[PDB]
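Some notes on the structure that comes next.
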Amino acid sequence: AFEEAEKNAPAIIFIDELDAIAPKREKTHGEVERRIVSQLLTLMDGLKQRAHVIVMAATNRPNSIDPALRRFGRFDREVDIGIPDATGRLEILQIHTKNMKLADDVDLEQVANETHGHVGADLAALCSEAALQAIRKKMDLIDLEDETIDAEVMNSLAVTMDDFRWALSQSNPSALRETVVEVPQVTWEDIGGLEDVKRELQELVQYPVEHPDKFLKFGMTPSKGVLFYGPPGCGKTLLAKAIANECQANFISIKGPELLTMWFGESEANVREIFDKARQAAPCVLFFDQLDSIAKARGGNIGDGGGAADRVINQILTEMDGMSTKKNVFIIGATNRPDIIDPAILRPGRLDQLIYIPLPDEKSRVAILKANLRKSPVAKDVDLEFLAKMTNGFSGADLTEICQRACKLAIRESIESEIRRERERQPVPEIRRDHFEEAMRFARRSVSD
Amino acid sequence: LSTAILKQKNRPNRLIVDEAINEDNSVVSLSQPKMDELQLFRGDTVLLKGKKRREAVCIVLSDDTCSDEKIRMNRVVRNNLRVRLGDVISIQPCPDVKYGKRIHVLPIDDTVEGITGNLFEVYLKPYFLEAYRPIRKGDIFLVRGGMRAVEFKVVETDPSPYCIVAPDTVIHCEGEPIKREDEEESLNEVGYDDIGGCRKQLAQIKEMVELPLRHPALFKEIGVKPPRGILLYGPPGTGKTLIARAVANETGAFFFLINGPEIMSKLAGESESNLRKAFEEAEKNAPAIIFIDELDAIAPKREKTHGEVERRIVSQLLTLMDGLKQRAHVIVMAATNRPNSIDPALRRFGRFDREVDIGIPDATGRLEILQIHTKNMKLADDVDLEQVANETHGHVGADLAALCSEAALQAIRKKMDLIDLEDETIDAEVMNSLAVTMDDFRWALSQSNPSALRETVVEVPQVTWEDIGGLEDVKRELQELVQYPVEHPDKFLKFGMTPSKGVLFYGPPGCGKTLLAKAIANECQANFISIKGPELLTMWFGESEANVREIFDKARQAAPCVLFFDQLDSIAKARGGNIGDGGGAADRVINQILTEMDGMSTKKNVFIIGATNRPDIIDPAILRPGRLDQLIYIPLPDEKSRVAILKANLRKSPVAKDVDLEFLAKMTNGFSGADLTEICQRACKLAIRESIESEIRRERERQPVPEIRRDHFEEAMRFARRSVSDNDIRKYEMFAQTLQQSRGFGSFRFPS
Amino acid sequence: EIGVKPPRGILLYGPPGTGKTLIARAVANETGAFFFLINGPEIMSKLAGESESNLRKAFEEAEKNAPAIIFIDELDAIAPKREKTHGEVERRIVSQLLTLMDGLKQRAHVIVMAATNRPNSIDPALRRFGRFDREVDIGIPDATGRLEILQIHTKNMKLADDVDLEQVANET
Amino acid sequence: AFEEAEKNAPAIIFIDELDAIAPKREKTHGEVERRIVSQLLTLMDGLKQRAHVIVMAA
Ligand SMILES: Nc1ncnc2c1ncn2[C@@H]1O[C@H](COP(=O)(O)OP(=O)(O)OP(=O)(O)O)[C@@H](O)[C@H]1O
Ligand SMILES: Nc1ncnc2c1ncn2[C@@H]1O[C@H](COP(=O)(O)OP(=O)(O)OP(=O)(O)O)[C@@H](O)[C@H]1O
Ligand SMILES: Nc1ncnc2c1ncn2[C@@H]1O[C@H](COP(=O)(O)OP(=O)(O)OP(=O)(O)O)[C@@H](O)[C@H]1O
Ligand SMILES: Nc1ncnc2c1ncn2[C@@H]1O[C@H](COP(=O)(O)OP(=O)(O)O)[C@@H](O)[C@H]1O
Ligand SMILES: [Mg+2]
Ligand SMILES: [Mg+2]
Ligand SMILES: [Mg+2]
């Protein structure tokens, strides 16, 4: 290959998937692979003397390459093809939409702004999905078992902004296909109370991404971490669900102990990969449910899993300190017992913002009851204000249990009624006071003094 | 719009298959108005489209009895088109058909036997004399005559593929007879109609696979290229390979099948060479479809792979699917159980740009699967497939196929007595009487169990609701806990509230917490997983939380599923209480459960039930509503419950009528359920000892006790003891006292 | 006539010495079909792709001589769970077994048998319908079963009239 | 080893440190050890073929 390049000069050699034939020689068990790496080093050394030959290489694992291949004279120049910003996304969309016939309705600027973590392959997939949605819209007129398509259908075929909106709804970056989870649809209106907490959350995410330069002008850096601590059932996870749906950023949700692995070095690699995954999709929200599982006080016991429990938290601190400035990764940790959280996790520069989600007061409990019953048919005589004052120490989940218990009693009454109606052959339009009254007697308080 | 590609269309060509009273193999019958709408003259040559890319040519006939929207066609043409009664076919006139110069035909081997005379002269010559019968390549037809009827298959047509068998055409039956097994296998091919419960997934796959091939001008007009990579993932047995076979059988494109491990080779660079050769052969025959079954076998993460050969294979696949030289009209499909094990670079636009989740079907989906699997099966009139679909809850298509096979085998077992295995042949009357009844399906349901659940299966001792005495409110709540969300999901949507799926049992030992769990495993119509406390814990740094993650994922696939944690206080204790718990492994298990019961994921019909002797040590987060929101206290039985417990234990036992169970409950005050059972078991032992002594005495003279009497119960009562002390009761009552005192307000009443 | 395809996968599980291998040998002897015996560790090799090639060779030998019966003894060692196994070769062996037993090309006339002591150690995808649909539990015999086992093992031995095998069966 | 012993029949197969070579499959986590144990079980089952060789272990 190198000789053919030298014979026809000037020449370009493109080695695609370089890491396939350029692993680290120390890590390589095979003899042929090591001989190939050494041959590549020799070929590059002779290439420096060779006339007008350029070697280009592409790889998505630059760290896997042998370090000697990245010295001076061998691949000395490295170009980072990163994730595009809004204007780059607009350019990619314009490139991929030039051959596609679009209606005047479509606005590529909105689509460019709404795809936060896309790399360009994701944008091409979005365009293809929008065109396929248009074809689906015409699939009512034209069916698959047809000999030909009418020319009127061909002329009427076009891609509108609605198809692009559908594609955006289905759109997700390919980086985050491993981390995607099915999150319930939770609007900010589903959360009752916590009005000040909602305002703090929206400003802590929107301001750093929307207006970076003002922080530079005022000589201050935005906080990159928020800790949710409070009694169980008061809405720490529910706030994360609302952010995942309503906040205009990518979301990565992490179950606490899912990162840890029995194999040596795998637990720290998973932490390193998950932070790198969020950085590729910035602005991204990295959420740790039950943070005390991974972020626990070091030195709790000698009999650790080979010390791996203490290494993972060290890797987390290393990852948080590495990321800063233009990278926009908000790390949100929800902890149920914040006292067992390791203090280094809460120090300035790492999750320094601490938000307390308390037991709802009387006014909040009215909002919680209204939010749970917003979609539910309830009798007007039911006084939710009265329930709030009698449910003195009830949490958000305690109040939701009351509503669910009242629903079940209403369901129970209707079922015995439909059984009775079938019997006389051979009701319960809404939840009433008595259903709430009987449900209130089973009600308990879960958070104690 | 998602399933629009599936939706059928009513057209002048589109009519329904119906039987032919007298039409023979080479003609079809149509109503006169339908022919007039199509403007076809009687006797004209027509081309009939069939499923799995099959075609047949016939002579159209006008009959009054034929339905306007139907074709009267016999069994032969139906077997030619691989259709059945009630199926939709399209009819199109054959343009520029010409008489065949020469036609080559090969009869079936099972038919040619027993016929000493020449096949051609006896059958083909009169069948094709002055008839001008049209034939197509690969068609099979029946000619009556001789000792045995002989079926002929037209291997070759000249001119291909439409030709008319005129008397001048030379017909020769020389050659290898066609195997019966080959014809049977060709008839029993998987199509898109053999997949049920995956309607949206089938629509997607058809959009990527069939739509670009059928109407390439559409994508050319709209100026985009369709997706070229499909990844099918799901739990085992959901039908990914079945969809692959259906796509292979029903596509006009060239299909290349790659199995995962078969790529590997001992020689260096030969596995990459195999991948390159497969892709090059696919490109040579474009348009083409490549299926890589078990993709996770040869496509792991390169960052996590130790072997160099595996990483080089993944890199070769990456280059072939999206490299400097782009694919030319090649579709690449793959099926995997674990999509997350696939290399991330393989999951993006240009390489498997669409991921299709073949998930667990719902009740209607599994009803569709049962209808698919029972079409060839002979069923009685009492068989109700809707009921069977309702009983199966976490079953996938493989499980339903297993259920149907078990039902048929049970029918064969019922007819085992009449037949003899040593006998060479079975009686014809037994063959005719053979039919699967609803009883066989009920027995198969009894033996049925979802395949995902075969590790987590335990032998329950078959406890009925009537085996438990007292606890009437708890029985009613537990029955409504599972029945309401699964049998009445419409009621919950009407009130717009999520069902409660958590129950905790706590109380003194021996009062019925495990007995209630046994009853649920038998009586409730849902899947059941029984977990001992410390069985999930493992020495390794990750398995302890991984086992918790796996068991909840297993319950989500089998929903509605009841997840019973016996001795919950072992698994879920207070976090941070004790140091030296395997380096915090015990606390991490608790944190894992917290996310599984309530976290950043949608809720399924998984009902977590826990029984604990010590609820004071259980983590408060575990008891939070949304995780075991209903705490049910199971106390020591009162006097009314104690007669019920005594009656339940002695229900199947012969007891003298003079024994007064009312007095036994009056005397015992602090006895638990296990204490009352111990009194009855002691009475049996004394009765057994008495009977043994009677027969031993009866034997000595050579060289009784028909029922348990009062003197047995009186002697058994002097050894009786009260297992739960008054000190222990106060601890359980205190927990109940605190919960009741927590709410306050006494009895809640609305004003006015 | 009943219109179903008979099951073609059998898994025998039980404590060691229960008689799984003996039952396999008896089935081999008295069935009158091609019998191919596979032992778990024997298929496996160090060279890449050799274990899978051995599996294909065995299954295609059975396919050539259809109807055929394949017995895989000690299935637990050959096929551990792929999620819990770190090595690539074991995972590819399990995947090859899955593909051979149930794939896009079905096997019509071949029945596959397997024996293991720990059924839960098997990869779950093997235990579904179509690969190992029925799991037969060879368990510890009762008094009459061990009586007839004693009669089987005592048919060649010279026994005096003093010997009573029912008592011996009751003692064990 | 078993093949050479059977060729040199009659012979005695002696396996020093049997415990290291063949531990409990459930107890051991390493795949290779249970692999060796299963192979050893198969070899012993096949040994009783009138090969006149007796296997012994320390
Ligand atoms: N302010 C609120 N408004 C509406 N619903 C609420 C509110 N607070 C709690 N809930 C409801 O109660 C439950 C709270 O569960 P959530 O996951 O939010 O708890 P958490 O505060 O994160 O606690 P945990 O430590 O137990 O995980 C949910 O069912 C939620 O719908
Ligand atoms: N949706 C379905 N409709 C009809 N039959 C189905 C369906 N799903 C599964 N089956 C049947 O159950 C079996 C499924 O086997 P198949 O090879 O398709 O499974 P799979 O999902 O590819 O499994 P694995 O992940 O182990 O490879 C076949 O017998 C098939 O006929
Ligand atoms: N309500 C009851 N009706 C009938 N039998 C009962 C009842 N409660 C307990 N028993 C008897 O108690 C014995 C087993 O009790 P069970 O296993 O249900 O106790 P448990 O509450 O789970 O206690 P433990 O804390 O000891 O596990 C059986 O003999 C059963 O018949
Ligand atoms: N059910 C049985 N009936 C008669 N003999 C048996 C039975 N089970 C085991 N054996 C005896 O055990 C020996 C074979 O055991 P084997 O089946 O190889 O054990 P495993 O099932 O662990 O492979 C034979 O010599 C046979 O005599
Ligand atoms: Mg939470
Ligand atoms: Mg498959
Ligand atoms: Mg118990």
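Sequential numbering from 1, following the chain as shown.
Recorded method is electron microscopy, 3.1 Å.
Each residue, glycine too, has its Cβ placed from N, Cα and C.
Look at Swiss-Prot and you will find C:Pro16, C:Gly17, C:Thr18, C:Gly19, C:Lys20, C:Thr21, C:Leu22, C:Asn117, C:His153 tagged as ATP 1 binding site, backed by experimental evidence. Taking a C-beta cut-off of under 8 angstroms and a sequence separation of 6 or more, C:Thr18 (ATP 1 binding site) has the following same-chain neighbours: C:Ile138, C:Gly139, C:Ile140.
What Swiss-Prot lists as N6,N6,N6-trimethyllysine is C:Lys84, and the listing cites experimental evidence. Annotation note: C:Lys84 (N6,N6,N6-trimethyllysine) sits in a coil segment as assigned by DSSP. Other Cβ atoms within 10 Å of the Cβ of C:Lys84 (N6,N6,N6-trimethyllysine) number 13 in total over all chains.
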Of C:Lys20, C:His153 (the binding-site residues), the residue whose Cβ has the fewest other Cβ atoms within 10 Å: C:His153
Whole-number Å value for how far C:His153 (ATP 1 binding site) lies from C:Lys84 (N6,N6,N6-trimethyllysine) (Cα to Cα): 42
Chain-internal residues near C:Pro16 (ATP 1 binding site), provided their CB is under 8 angstroms and they sit 6+ positions away: C:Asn117
Binding residues C:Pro16, C:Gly17, C:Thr18, C:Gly19, C:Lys20, C:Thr21, C:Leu22, C:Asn117, C:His153 (ATP 1) - maximum C-alpha distance in whole Å: 23
C-beta crowding around C:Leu22 (ATP 1 binding site), within 10 angstroms: 11
